[PDB]
Each structure stands twice: as C-alpha cells, then as structure tokens.
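Participant: Starting off with a structure, shown below.
A quick note on method: Cβ atoms are made from the backbone with ideal geometry, for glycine too, and the neighbour counts reach across all protein chains shown. What follows is calculated from the coordinates using simple rules that are stated; it is not laboratory data.
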Amino acid sequence: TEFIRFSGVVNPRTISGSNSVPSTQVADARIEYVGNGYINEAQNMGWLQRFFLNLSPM
Amino acid sequence: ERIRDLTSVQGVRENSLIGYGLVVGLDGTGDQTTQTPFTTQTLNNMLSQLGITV
Amino acid sequence: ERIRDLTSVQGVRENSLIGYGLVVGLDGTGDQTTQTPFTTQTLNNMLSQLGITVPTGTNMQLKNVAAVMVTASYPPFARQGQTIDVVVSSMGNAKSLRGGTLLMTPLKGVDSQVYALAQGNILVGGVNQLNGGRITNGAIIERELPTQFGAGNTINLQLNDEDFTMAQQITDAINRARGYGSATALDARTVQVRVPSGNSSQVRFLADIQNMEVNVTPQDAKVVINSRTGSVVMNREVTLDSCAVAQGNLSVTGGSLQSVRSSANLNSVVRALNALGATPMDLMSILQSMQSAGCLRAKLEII
Amino acid sequence: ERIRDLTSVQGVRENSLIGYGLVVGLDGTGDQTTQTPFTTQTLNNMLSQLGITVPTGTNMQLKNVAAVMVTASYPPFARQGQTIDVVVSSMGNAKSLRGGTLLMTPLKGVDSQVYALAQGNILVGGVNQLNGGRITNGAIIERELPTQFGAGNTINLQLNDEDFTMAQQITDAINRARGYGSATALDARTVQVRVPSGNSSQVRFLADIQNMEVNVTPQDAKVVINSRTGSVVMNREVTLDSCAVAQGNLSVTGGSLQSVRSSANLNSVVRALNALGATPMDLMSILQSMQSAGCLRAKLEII
Amino acid sequence: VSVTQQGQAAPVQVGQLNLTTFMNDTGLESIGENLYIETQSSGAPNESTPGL
C-alpha cells in the first residue's frame, strides 16, 4: 500500500479555470509519498548497519 | 468682492490626484493591445479579481 | 429649495458597483471569441453551472455573445428589493449590443462583495454609440449598508463649492429660521447643524432645512477654457483692464494693435472682446496672454 | 394613486430566473453546430432522455435547432400554476429565431433551484432584432418562496428616489389619513408604517395606503446628458446665471462671445440656450463648460 | 455534392444539383448577363436530377 499525502495553503487567485493549481504555488507545502509491505521493509537499513553508519569511526 | 480675487487663504489649497484605469465601451477605437501589453495585463488583473482566471 | 442644491448631507452618499457579464441575443455582432478567450471561458462556466459540460478540447466560435462590464450606482439608504439602472459596456472586439440581453450579473463593491444582481434588456440608441447601453431598473439591490444616521445630535452639511461667505450665509439662514444655535460653521465647506436625537426628528429637521432658500453671494471671477472642445465660458464677475492686443490676421476694423477698454461688468467685457473680431481659438490665446499681462482680472482655468 | 407610484412595499419584490434551452422549427436559420458543440451535445442529451441513443462518433450538422438562453422574472407572491413571460436569446452564430419553438426549459434561480418551466412559441418582430424574442405566459411557476408578510406590526415603504422632504410628506399624509402614529420616517428613503397583526388587515391597510395622493415637492435641479444617444434633458428646477459663452462656428446673430442672461425658470433657460443657436452635441460641451464655470445652477449627470 | 471532413472516413452528402430541361432550347430569351429565361415557345421548364 502506497500513500500520497499533501497539505498546504492556497491563494484563491492562483487557481486556474479548471480548478487546478501547481504545487509550487502552495505556501506551506507538505508532500509525502510512502509505502508499506515487504517492498518498503526491503528499503530499510538493518539495525546493525544503521548503528555502524552512525557510530563507526569512518 | 476684490480681496477674494486678489489673495488666497493660507491652508485653503488644492491638491492633485492621479490614477490608472480602463475605459470600455468603445466602437472599435480602443487600444491595439499588441503594442500596449499593460492594457491586457490590467484587464486580466481585473478579471482575476472578479473571479475569472484567463 | 436652494440649500438642497448647494450642499450634501453627511452620510447620505452614493457608492459605485462593478461586475462582469455576458450579453446574448445579438445579430452576429458579438465577440469573435478567438481574440477574446474569456467570453468562451465564462460561457463554459455558465453552462457547467447549469449542468452542461462542454469538453475542454473543442472549438467554439460564437457570434451572438459579447463579454461586457456592468457599472451601477449604489444609492443612499438602499434597501434589498429595490431596482437601479445599470450601464453595459463591451470589453473586446464586439461590433454592437443593439438587441442584446444581460444575463445574471453580480455587482461587486470596492470590498468585493455582491450588493446587487443585474439582468435585463439593453437599450442602445442606434453617430450613436453601439458598444454601450443602459438598462433602467436593471439591477436589484441585495445587500444593505449600515449607517449612523439618527445617532448623535450633529449633522454636517457639505458645500459643493468651498466658500467662507456661502458657509456663513447658510449658517445665518439656518439660525434665522430655526433658533439661535441651530447651525455653526466649521470651515469654508462644512456647516455643523444640531438636531434632536432620534430618526424621525432628524428627518423632519432635514426636510425643513433642505428646501430653505439662500441668496447666493458673488463667487470668484473665473474664465473656463476647454481647448479639447473649443469653448470659453466667463462668469458674471469677470472684468477687464485697458490694454493693447495684437494677434495674427487680426486688425482694427487698420493697424494690428487694437485697444481694449477698461470693463466693469460682463456686458462691457463681451463688447470689448467682440470688438476684436477673434475666433474662439484665437480668443483662447488672447485671454491667456491678457492673463499673463494682467488685463484679465479673473482666474483662468483650463479644463 | 401616487404613493403606489413613489414607493415599494418591503418584501414585495421581483427575482430573476435564468435557464438554457433549445429552439426548433427554424427555416435553416439555426446554429451551425460545428462552431457550437453544446447545441448538438444537449440535443443528444434530450434524445437520450427520450430513449434514443445516437452513437458518440457521428457527424450531426443541424440547421433548424438553436441553443438559446431564457430569462424570466419571478413575481411577488408567485404561486405554482401561474404563467409568466420569458425572453429567449440566441447564444452562438444563429441567424434568426423567427418561427421557432422553445422546448422544456427549467428556469433556475440564484440558488440554482428550478422555480419555473418554460415552453412555448417565440414571437419575433421581423431593423428588427432576429436573435431575440418574447413568449407571453411562456413559463409556468413550479416553486413558491416563503415570506414574512402578515407577521409583525411594521411594514416599510421604500422610496424610489431618496428625499427627506418626500419621506416627510408621505409620513404626514399617512398620519393625516389614518391616525396619529400610523407612519414614521427612518431615513431619506424608508417610511415605517404600523399595521394590525394578521394577513387580511395588512392587505386592507396597504390597499388604502397605495392609492393615496401625495403632492410631490420640488426635487434637485438636474441636467441629464446622454452622449451615446445624443440627448439632453433638463428638469423644471434648472436655473442659469449670466455669463459669456464662445464655441467654434457659433457667433452672435457677429462676435464669437455671446451673453447668456440670468434665468430663473425653465422657459427662460430654454430661451437663453436657444438664443445661442447650438447643436445638442455643441450644447453638451457648452453645458459642461458652464457647470465648470458656475453659470449652470444644476447637477450635471452624464448617463 | 459530397464533402469530405477531418476525422470522418465517410464523405457527407450536401445536396443534388438539378438541371432544367426545356423542349425547345432555341426559344429561351437571352436576358444578357449569361442568363436565359423561359418564353411562350419554350414553356414548362422540367427539373430533373442529371443522368435521367
């Protein structure tokens, strides 16, 4: 399952005639595109590898 | 009735006001709007203010 | 019936309303709609509102529809249900609005709020302007403005033209008619009037004040020159001083220098200036030169 | 029978209805339907509603069908089953609606609700407008509006033109006819009238009030100028002040400066202005210049 | 008279060009501007679709 979430503030005069506004005209734009399932877990680092990436000398 | 015609009262003065506008209802004798981009730009501004987005 | 013609009541004022609309029913004299995309866009908007969705990719070439701007005046103490006249003016490349009809048009104020709704049939003269028309009782009032009339014991009469003498005359007339301290003068343009608290009492007071007669004192001498229309207007206070005038192709009816006598009233001034035999366009230059020299004892205003 | 001609009753107002329809039966003077896709789209919609499904991919070139906009007025206290007149106006590239018939058209209000249904035969004059017509009793009322008439003991008469004197005159007439505290004035435009509680009693009160006679007091001096139609109208209150006027190709019947005498009534003003020998287009500029100078003691309104 | 359009494999029909046939073609009155009118010697102009 994939989730696309959007939030922001829109000026009414930036909305086009077809009730559309580009995402670059939204003030506090919060855009999120995430997923779950084993596909999403396959894109997470292992805990040991994350620990090393954060605490290894090099 | 001569002093009023020879002098002016201090503080009793006139100022000058200026502004920009659009004149509509002409019989094909308006701007060409190809050599005057501001006419179309301000018409679009007025339409957007009124709720129409060209 | 002169005070109502010389002053205006404070708070009793008119506002301006504007709006956008479409005019249909033209005989092929509407917008071309190829150089005016907003006409077709707003027609599609109206159709979508009414329940018809024209596909976005489609060529619409209309001939009986014109995009128009509607202007109206919001009257004092306007009430919902009342009707006002509107002016309808074409906006782009339309040829005529002779038999058109104005569809539902919301008339917005300066604050971008709807104060009236306009819909009706246009009357166009038909040398006559074809792209502009008027609709009597074409708009119905929908919103009402709050006002402070009837509150307090003071109301200001605002003179159309600033004059200390006229302000004092109006104040003295009101004091002579309705008691000692009924009216006072604040400046050359405003006269403050004391009225009883309430709504009906103030209406009665204003009804008595408005039709009062005031003798107008003589104003400032003024010569109004309109070069765009080619007109000159001189009021009754204009006088002349004796001096010589010369201008091209003008001569004594003889020499090119013509004497202008000292003139006290307007008839003498008119006689002296007509003795010059000057065309009004020549009279404009003559008057400006005389004002520069000092013969013209008047304020020369170019409008 | 003057109060009914000077005021309107609060809550007794007219609304505006709009709708879309198709007009059939034209003699090859309808839409081209190639530049107006909505005509064919709505014809297909109607056929589908009636049980005929034309395939989506098909070329339909009609000549006897025109897409039209229908406008109507919702009367006060309208009841379902009553008939009203409608105006039918072509919308795109149609040539004439001379013998057309308007099919079933729902007339929506501002709130996008159906208040009437329109169907009938168009009458077109046939110099005459061809793309606009009228159908008498062309629409049947289908919805009714709630109202507060008959509730409360107060009803407001709203003057067509704002005037403190006229408001006071109407109030005094009502008080002189129907008791001491029967009517009061709220502002220059509204007169509040006390009526008995109920529906029939208020109808009786309004019937007595409406046909009452009120002597109209003199209004403000006003000169109305219509440059689009080339007309000037001066009311009976216009006066003139003595001053000199000059304009192109106008001269004393002599010199270019012509005296204008001080005028008190309208006949004197008309005589003084006709002595100038001015065309109405010239009279417009003359009047504007005189208003600028101050000779014209009237409000100059350009409409 | 058939007319082809875009996005329409099938040509549309626009109408029939009918020819007028007289029984004495010598008898028409020449108006002038490349026009002939029926006279008493060539009455009854018979309209017909071409070919029949």
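Participant: Report, in degrees rounded to the nearest 10, the 0 to 90 angle that the Cα long axis of helix B:37-50 makes with the longest principal axis of chain B.
Facilitator: Approximately 90 degrees, to the nearest 10.
Participant: I'm checking a number: the convex hull volume of the Cα atoms of chain C, normalised per residue, in Å³. What is it?
Facilitator: Per-residue hull volume (Cα only) is 204 Å³.
Participant: Per residue Cα convex hull volume for the stretch D:13-120, in cubic angstrom?
Facilitator: 114
Participant: Using a Förster radius of 25 Å, what is the FRET efficiency between D:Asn265 and B:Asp5 based on their Cβ-Cβ separation? Nearest 0.05, please.
Facilitator: In this case the efficiency is close to 0.25.
Participant: If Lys and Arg each add +1 and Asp and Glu each add -1, what is the summed charge of the other residues whose beta carbon sits under 10 Å from the beta carbon of D:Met290?
Facilitator: 0
Participant: Which links in C:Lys63/D:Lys95; C:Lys299/D:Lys299; C:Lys108/D:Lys299 stretch past 20 Å when you go from one Cα to the other?
Facilitator: Cα-Cα > 20 Å for C:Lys299/D:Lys299; C:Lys108/D:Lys299; rest within.
Participant: Please list 3J(HN,Hα) in residue order for the stretch D:24-32, calculated via the Karplus relation 6.51 cos²θ - 1.76 cosθ + 1.60 where θ = phi - 60°; whole Hz, with x for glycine and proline.
Facilitator: Values per residue, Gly and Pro as x: 10, x, 7, 8, x, 10, x, 5, 6 Hz.
Participant: Quick one: Karplus J couplings for the stretch E:18-34, per residue in order, coefficients 6.51, -1.76, 1.60, θ = phi - 60°, nearest Hz, x for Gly and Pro?
Facilitator: Each residue's phi maps through the Karplus curve to give 8, 9, 9, 10, 10, 9, 9, 5, 4, x, 5, 7, 7, 5, x, 5, 6 Hz.
Participant: Moving to a separate point now. Between B:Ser16 and C:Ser201, what is the label-point separation in nm under the 7 Å Cα-to-beta-carbon projection?
Facilitator: Computed distance between label sites C:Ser201 and B:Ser16 equals 4.9 nm.
Participant: Along its three principal axes, how long is the protein assembly as shown when you only count alpha carbons? Whole Å, largest extent first please.
Facilitator: 102, 98, 89
Participant: Taking θ = phi - 60°, what integer Hz values does the Karplus form 6.51 cos²θ - 1.76 cosθ + 1.60 yield along the stretch D:106-123, in sequence order, with x for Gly and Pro?
Facilitator: With coefficients 6.51, -1.76 and 1.60, one gets x, 9, 8, x, 5, 7, 6, 10, 6, 10, 7, 10, 10, 6, x, 9, 7, 10 Hz.
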